[PDB]
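S.K.: Here it is, the structure, as structure tokens.
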Amino acid sequence: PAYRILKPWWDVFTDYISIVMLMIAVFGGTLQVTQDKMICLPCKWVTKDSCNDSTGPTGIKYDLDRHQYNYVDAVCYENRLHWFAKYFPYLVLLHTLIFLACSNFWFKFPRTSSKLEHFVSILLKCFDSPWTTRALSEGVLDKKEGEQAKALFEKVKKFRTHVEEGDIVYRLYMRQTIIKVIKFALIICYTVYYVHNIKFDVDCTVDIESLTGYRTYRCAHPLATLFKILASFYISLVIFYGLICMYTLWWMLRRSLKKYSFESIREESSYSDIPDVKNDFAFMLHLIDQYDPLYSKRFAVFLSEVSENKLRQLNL
Amino acid sequence: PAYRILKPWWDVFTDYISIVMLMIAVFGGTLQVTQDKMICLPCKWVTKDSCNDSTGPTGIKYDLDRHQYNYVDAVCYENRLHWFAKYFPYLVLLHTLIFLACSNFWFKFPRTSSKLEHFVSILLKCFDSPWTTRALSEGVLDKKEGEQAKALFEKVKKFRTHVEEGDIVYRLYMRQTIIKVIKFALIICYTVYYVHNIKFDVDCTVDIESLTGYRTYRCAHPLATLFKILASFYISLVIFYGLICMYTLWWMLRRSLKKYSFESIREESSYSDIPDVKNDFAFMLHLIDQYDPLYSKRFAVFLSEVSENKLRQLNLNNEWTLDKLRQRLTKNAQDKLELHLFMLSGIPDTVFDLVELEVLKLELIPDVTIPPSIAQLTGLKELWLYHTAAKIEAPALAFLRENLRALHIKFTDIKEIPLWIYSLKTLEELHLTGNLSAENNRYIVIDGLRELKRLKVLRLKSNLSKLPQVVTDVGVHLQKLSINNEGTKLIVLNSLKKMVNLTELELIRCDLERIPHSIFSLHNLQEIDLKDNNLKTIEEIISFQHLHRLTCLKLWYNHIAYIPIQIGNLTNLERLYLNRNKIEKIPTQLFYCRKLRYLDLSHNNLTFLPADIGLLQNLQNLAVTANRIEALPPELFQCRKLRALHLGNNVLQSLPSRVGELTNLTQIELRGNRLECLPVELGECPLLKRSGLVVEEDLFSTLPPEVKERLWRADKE
Amino acid sequence: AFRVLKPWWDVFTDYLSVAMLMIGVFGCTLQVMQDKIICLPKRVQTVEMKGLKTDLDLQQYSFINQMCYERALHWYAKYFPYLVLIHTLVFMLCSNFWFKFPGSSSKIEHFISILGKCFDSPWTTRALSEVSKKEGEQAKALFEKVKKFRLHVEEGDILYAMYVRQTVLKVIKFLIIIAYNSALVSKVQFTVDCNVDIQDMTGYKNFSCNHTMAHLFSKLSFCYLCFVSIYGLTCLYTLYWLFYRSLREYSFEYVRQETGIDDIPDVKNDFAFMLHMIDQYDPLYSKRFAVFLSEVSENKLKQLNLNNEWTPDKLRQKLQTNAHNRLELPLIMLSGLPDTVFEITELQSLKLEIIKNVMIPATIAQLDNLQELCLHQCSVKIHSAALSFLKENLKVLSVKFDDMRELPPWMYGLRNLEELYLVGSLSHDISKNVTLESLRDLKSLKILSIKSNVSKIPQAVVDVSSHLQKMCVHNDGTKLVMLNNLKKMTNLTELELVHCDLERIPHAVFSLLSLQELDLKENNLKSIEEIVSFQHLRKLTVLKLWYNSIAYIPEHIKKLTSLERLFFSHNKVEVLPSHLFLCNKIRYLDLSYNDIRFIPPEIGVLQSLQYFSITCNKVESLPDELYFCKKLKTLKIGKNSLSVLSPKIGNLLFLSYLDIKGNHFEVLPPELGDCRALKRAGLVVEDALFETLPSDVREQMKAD
Ligand SMILES: CCCCCCCC/C=C\CCCCCCCC(=O)OC[C@H](COP(=O)(O)OCCN)OC(=O)CCCCCCC/C=C/CCCCCCCC
């Protein structure tokens, strides 16, 4: 759809960070599905619902079947292992899916998508228009290119009247950015506060004494430590994401993007009559300026009426 | 995509090495996830937390369940296994992802990506341009092809102006290479140091005696040796990667890639004026040199301004074809074939393919160079230079020295006047328009007018203050000198008496107010018009009788208040044009001139028209327009040869019916006047047609309809 | 598309590499399996049989398994699939190494591109039909492309050496793989005897193990050995094809036998190797390419296009006349000479302008009517029958040598040549032009005109002085020196030297005893003092010393009275002497645009004068004795300082031309009617002098 021109460096960076968060989520989910188990051994010496931990050594006999061990593992995994260590991959899946939805909502929502495509089409057509090259070079003009330039001019004026009235695109991008930054804050808060509960050694106390004979067990969570690194490294990515989003917010609060100033371009070019655009068109010119100055400089020539008069008298 | 031209061989090699490293990471990750474990067995004999190692052989009874063994395995794998042997594939994966991000950062970062896309697009389009093929072969050019070549040439210029300012791409590539080599060094250091910790046999003393019964165990890590060789293979690839990066770093320190000299191409190609680009232009050109020098060779002929000039000239040849030039062909005042080339970039060779052209007119063409094929224009005699700096060669000079007898030069600057124009051997007619008086250049622009020994006409619109003596020397053969000065008085000082062959001395806007003796000393003068010279009195006609050849005194556009009666002494004039003056009345003395064939008295204060105007039998045109004249006498109508009677905007009461004596009337103007109704005799004049009878319509309708029908039938038949 | 350069061996090896990669991937997937070795200890502690209680846990068994897998199983049985993967990656990388090199790929693409342009060109089957408009132009363009390819790829030998290198690498890798795999395939055994010392951990020291997939790995190793054997046999055949015959040279002798063209050469090096490659692909391509390689076939194509472009009717349109009244064909900037031109036999003169690289066939023997040849700035070649015929027939030649080599060396083998027009330029080393001094073979040469910057007259002219008669030289600012070469002129009659910068008339001219005329054009003759020997030129009637600087005329004019034509126009003469007009045989005397003060009366002696030009003089007085000379046919006195036309002018009966233009006259007399041969055109004057004749004289004059 050639929407790459509407994605500045922050958008591309956040897209790649969200892709790597997708990879975190899939990897952690696969591990939590396949090999997230718990190895629980009963504490032989019990002191008030706690483990006492007291020539040739001899192994301790627990007199438990392998199925009693599996039952103890399942019960202490469900009851006593903290829910973060069990559902971190699903949470990162949900969070990064919401991040992707926030990033691509204005691309998938028809009201903003239609206007985005309309503006992108005429920006790309004006970027390849021969009259733009001639006027930035500024009479020789073929009849057919003159006709197509006049048609593109009338399209530019009609689409300016069609778009300059509304500001839905800028509002949607704003809302997406605030939702992303507040969700960054929430994710960081809860994940940092809950990352310490992913422990290798967990004491479980589930009271299945009638089915096993023991009450307190000591459990090893083999996939805990790895998840910890994953969680920590996932946290790092979110931090970068948030920082990137922070800059985006600052950018969209640095100056009013609903008013675009052609002041530099109309000052440097001969045409000093270029009008100042407003609202959505202003915001998307600002995004395009964040992509490349030359696109905005070239589209500046299709808005002035002195260039229109010059084109009319050349065509005449 | 199309970025293959941008990536050199080292980028492709590093991409392949990164792919193999990612395969290492994936394989090791699957093995770590699925099959990585420890198989720990307790040491029965423990002496100070160490495995003491002290009929038929029988197995050792450890009295441990399978789940206690699993607990021991998990605890020892977690605690007493080195972090490298566990997280080697994940470290490899992270390193490959960082390497791939660094290698492909500039293709994703928008600021550099826009510049790279622009450069690649216009470079590919110039490579595929047919003008590239024409330039390397150096024609048949389709107009789509020609407009593509011109527009994309302008695109190349605009891209150079757009990209020469910044050097972001080079800086980003340098930073990427530096990061890729410093991370290479860190990877080698930490990987080589910790590669010996991937051991098969591992002793673990984890202190789980309260849960197992033993403190020390001897585990065997099955995916260790394999991991070891994987690490070794990984290290090998990293070394290769590092080596490649160093070469790239060396490639960016051997020469300044921000200064790409076009030396080899500009020596090899004919266009030796290709300017040396700078900054990101130079860097991307160096990258495309690393990919394929043919790209840079085909792009080089699209930057040179000599290629600008040649493409512009050949495009000019392709635009203005011979057929539309023949359609545009016209004729000058001398009824000679002329061609008005206005606002052209050059002279097309289609002009020079002609053989019958006589008047080559060149108007406002910037610094054109005339090719020799002008020698084909066999009938070439005139040449018009108006605001045109002309550059010519020697065969052209030969054909102009044997054929060209006219040269019309119009200029506003000294340098617009070329230095070749003084080497013509047949030059005869010559108008210099523009100031010829300057520092070391007052008549020294044109000092080669001694070399031109056949001049006969010299018109000088030059705002002149003095006349050169060399013109007076040339005047042995020169016959016409008309100097236009826009109101500047020359110092004659009787230096014009070598005008023996001069016949038409025309002082236009001279503002003399007096007649020097050199005017009436020159016996061959026949045309004398002291136009706009503000003569209050004309008193020097008496001394003109030594001059036997005067035949036409067109004294027009002057402040002449009165004509003395001595003007009646003349008889020999024919085209006595005394128009645009302040004559109070025409006298009878003026009609003593019997040889008058043409009489113009337009815009005068004549009180009336006397009868003696009819003393002019041979008179053909008569224009007493814008006077105060009421009646035409019958004597005027005895003259049978009146043709052009511009009598309008007058106070004419009526034309007496004796105008029926008139026969040869051709053109008459009567819009104006006071003629109450048309006499039918105005319709009687045969040579007077509808074009000549410029008359009101109502008084024409007063005539009988059948006479109007006869005139109409004479017009249309 | 590089598939046209992939023979059967390359495709076969590529498919074998794919199969070996499949084997390696399958082996690695088999290696993924957790259960690899199964070990039981040795010497463990109708018949009812009982099992031996080894007294070991499952973890002890697993520990024994991994210990014996690491320390008893051979490394080949554990790492064979990875070695297969590495070997097949090396094979795949080194099998495309000839294709994917930077400099080699461009040559490959160029060869296949122009070879496909051949295989689709109409001129190939057209050329076979020749052997057995637009398409001709495309043929010529493709032929230039073929020559470009010859100069572009044939020089190097990177392709052959690179292919040899990759084939040798394949062969040595195959040898190493076969040797070590066949050596170590015996180590893939099912039953293994493991003797690890883990008696302290398990209780036993000797174990018997089984490798579960040892049979599968043995079958995979044998299949890989078979695949590598086939690969190596294919590579050995590739080496045999590379080195059994010299692939650095390719002979087109098979086409030489098939195609009637024998100019087809034998290309070498990369050209040869790629021709062998496409011969392995398709042998028709080289046979069809050969008809485009030869250059005599290119000459045949050029001749065919020359005949096709210019029909004889177009040549009828081109037919015209020249300065010597001959039938001329103006051919301008042509690619060559068509045979259709020679089909015209009524032709009397040929004009070839900048038509270079042109060879004259025997076909010019068709047109016998030639007398003139204009070979202008064109390097022309020749054929034996053309030499013979143009020796027999051609007589008039007019060449322009813009370049010294653009003068061809064969003008001088002729003898019948009579006229020569040597227009052009020359350098400082004039005497080194042996082309000039071969005109000793010319016997009939009579006209020589050399418009060139010639400073020294060559010894050529000295040799050819016996039969040469006319000289016309335009130096154009170049000083002419070494005038002994003009001294040894003997039979010369005409001499026209223009801008030779001869300060004085040399003794060369007086050494000439039969000079009909002399021209010293644009030569700075300040004084004329060597006329004393001019009496030796009894044939001299013409002395056209015009645009000259002769300040005064001395008595030495009495030396020669046979002088008839006398042009001193634009001379520096101030006063004529009493001694010019003694030579009564003078009829043709010119002083045009001079500045003579006045005419002395001794002009009365020149009675046999028929032309007396003194136009644009300062002469104020014409005495009546020139009006007394009635034999004076032409008499030009224009633009002088005279006053009145002579009333007794009708006495001159034979006065054909009286140019008195621009003279200050007053009134023409009525006796112009008595003049029998004077017209308004003849008496050119300003029109106010024309208007003066009496009315009856107008009636007699309009009727002459
Ligand atoms: C970038 C990060 C990549 C990491 C992503 C990991 C993807 C897969 C992770 C989930 C694995 C699911 C299984 C987890 C528990 C293991 C269960 C188990 O032990 O099953 C046994 C079984 C082995 O069987 P044995 O008992 O030896 O059979 C002998 C009788 N034939 O173990 C397994 O292999 C698990 C099967 C799941 C398949 C997942 C992929 C396995 C690895 C495939 C590697 C193939 C690559 C071949 C190409 C290499 C050279 C190019």
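Every chain in the structure tokens takes a letter, A first, then B, and so on in the order presented; its residues are numbered from 1, and the ligands are numbered from 1 following the presented order.
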Could you list, as a PyMOL selection string, all residues that come within 9 Å of ligand 1? Count only C-alpha atoms and all ligand atoms.
M.R.: (chain A and resi 23+26-27+30-31+33-35) or (chain B and resi 22-23+25-35+89-90+93) or (chain C and resi 21+24-36+81-82+85)
S.K.: Would you return as a ChimeraX atom specification the members of region 269-464 of chain B that DSSP assigns to helix (DSSP H, G or I) on this structure's backbone?
M.R.: /B:280-291,293-300,305-319,322-328,349-352,372-376,394-402,420-422,447-449
S.K.: Could you name the residues that touch residue 138 (chain B) at 12 Å or less, counting only C-alpha atoms, but leaving out those on the same chain fewer than 3 positions away, as a list in words?
M.R.: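 My reading of the contact set: residues 131, 132, 133, 134, 135, 269, 270, 271, 301, 307, 310, 311 and 314 of chain B.
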S.K.: May I have the selected residues written with N, CA and C atoms, as an mmCIF file, in the first residue's frame?
M.R.:
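Final output, part.cif:
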data_model
loop_
_atom_site.group_PDB
_atom_site.id
_atom_site.type_symbol
_atom_site.label_atom_id
_atom_site.label_comp_id
_atom_site.auth_asym_id
_atom_site.auth_seq_id
_atom_site.Cartn_x
_atom_site.Cartn_y
_atom_site.Cartn_z
ATOM 1 N N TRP B 131 19.535 7.225 -24.055
ATOM 2 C CA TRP B 131 20.557 8.244 -24.266
ATOM 3 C C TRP B 131 21.906 7.782 -23.735
ATOM 4 N N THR B 132 21.901 6.915 -22.718
ATOM 5 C CA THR B 132 23.140 6.276 -22.288
ATOM 6 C C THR B 132 23.771 5.485 -23.426
ATOM 7 N N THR B 133 22.972 4.659 -24.112
ATOM 8 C CA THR B 133 23.490 3.858 -25.217
ATOM 9 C C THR B 133 23.999 4.751 -26.339
ATOM 10 N N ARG B 134 23.267 5.829 -26.631
ATOM 11 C CA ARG B 134 23.717 6.767 -27.656
ATOM 12 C C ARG B 134 25.034 7.427 -27.262
ATOM 13 N N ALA B 135 25.173 7.800 -25.987
ATOM 14 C CA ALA B 135 26.391 8.463 -25.531
ATOM 15 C C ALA B 135 27.593 7.530 -25.591
ATOM 16 N N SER B 269 36.416 8.606 -21.580
ATOM 17 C CA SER B 269 35.324 9.146 -22.375
ATOM 18 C C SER B 269 35.720 10.472 -23.017
ATOM 19 N N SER B 270 34.951 10.862 -24.037
ATOM 20 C CA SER B 270 35.206 12.127 -24.716
ATOM 21 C C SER B 270 34.864 13.319 -23.832
ATOM 22 N N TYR B 271 33.809 13.208 -23.029
ATOM 23 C CA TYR B 271 33.410 14.280 -22.124
ATOM 24 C C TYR B 271 34.418 14.357 -20.985
ATOM 25 N N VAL B 301 28.128 9.876 -17.966
ATOM 26 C CA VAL B 301 27.806 10.670 -19.144
ATOM 27 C C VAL B 301 26.522 11.460 -18.928
ATOM 28 N N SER B 307 28.108 16.837 -22.036
ATOM 29 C CA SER B 307 27.000 15.973 -22.425
ATOM 30 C C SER B 307 25.675 16.724 -22.367
ATOM 31 N N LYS B 310 25.794 18.649 -25.745
ATOM 32 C CA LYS B 310 25.595 17.776 -26.901
ATOM 33 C C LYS B 310 24.178 17.213 -26.944
ATOM 34 N N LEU B 311 23.647 16.786 -25.794
ATOM 35 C CA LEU B 311 22.270 16.311 -25.743
ATOM 36 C C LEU B 311 21.307 17.436 -26.079
ATOM 37 N N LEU B 314 21.524 18.021 -29.942
ATOM 38 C CA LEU B 314 20.901 16.954 -30.716
ATOM 39 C C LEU B 314 19.391 16.932 -30.487
#
S.K.: Which polymer residues have any atom within 7 Å of an atom of residue 236 (chain C), counting only C-alpha atoms, with same-chain residues fewer than 4 positions away left out, as a PyMOL selection string?
M.R.: chain C and resi 171+232+240
S.K.: Store the residues picked out above, limited to N, CA, C and O atoms, as a short mmCIF file (atom, residue, chain, number, x, y, z; two decimals), in the first residue's frame.
M.R.:
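Resulting contents of again_30.cif:
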data_model
loop_
_atom_site.label_atom_id
_atom_site.label_comp_id
_atom_site.auth_asym_id
_atom_site.auth_seq_id
_atom_site.Cartn_x
_atom_site.Cartn_y
_atom_site.Cartn_z
N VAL C 171 37.17 -32.30 -7.77
CA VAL C 171 37.81 -33.61 -7.87
C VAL C 171 38.57 -33.95 -6.59
O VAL C 171 38.47 -35.06 -6.06
N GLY C 232 32.03 -37.83 -8.41
CA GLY C 232 33.44 -37.79 -8.77
C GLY C 232 33.70 -38.34 -10.16
O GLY C 232 34.59 -37.85 -10.86
N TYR C 240 38.35 -34.65 -18.01
CA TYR C 240 38.76 -35.27 -19.27
C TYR C 240 38.32 -34.44 -20.46
O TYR C 240 39.07 -34.28 -21.43
#
S.K.: Can you pull out the residues contacting residue 264 (chain B)? Cut-off 12 Å, using only C-alpha atoms, and skip same-chain residues under 6 positions away; I want them as a list in words.
M.R.: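 With the cut-off at 12 Å, the set is residues 270, 271, 272, 274, 276, 293, 296, 297 and 300 of chain B.
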S.K.: Show which residues sit within 9 Å of region 1-6 of chain A, as number ranges by chain. Count only C-alpha atoms, and ignore same-chain residues fewer than 5 positions away.
M.R.: A: 11-12, 107, 116-117, 120, 284, 287-288, 290-292; B: 110
S.K.: Please write the residues from the selection above to a file, keeping C-alpha atoms, as a tab-separated table (two decimals), in the first residue's frame.
M.R.:
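Listing of out_36.tsv after writing:
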chain	number	residue	atom	x	y	z
A	11	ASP	CA	7.19	3.81	13.99
A	12	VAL	CA	9.68	1.48	12.28
A	107	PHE	CA	-4.21	1.83	8.69
A	116	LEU	CA	-4.59	8.19	4.10
A	117	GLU	CA	-4.71	6.39	0.75
A	120	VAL	CA	-0.71	9.16	-0.42
A	284	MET	CA	0.42	14.43	7.14
A	287	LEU	CA	4.84	13.27	8.89
A	288	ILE	CA	6.16	13.46	5.32
A	290	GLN	CA	9.75	13.71	9.10
A	291	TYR	CA	10.27	11.21	6.29
A	292	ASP	CA	11.85	13.48	3.65
B	110	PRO	CA	14.06	6.64	6.88
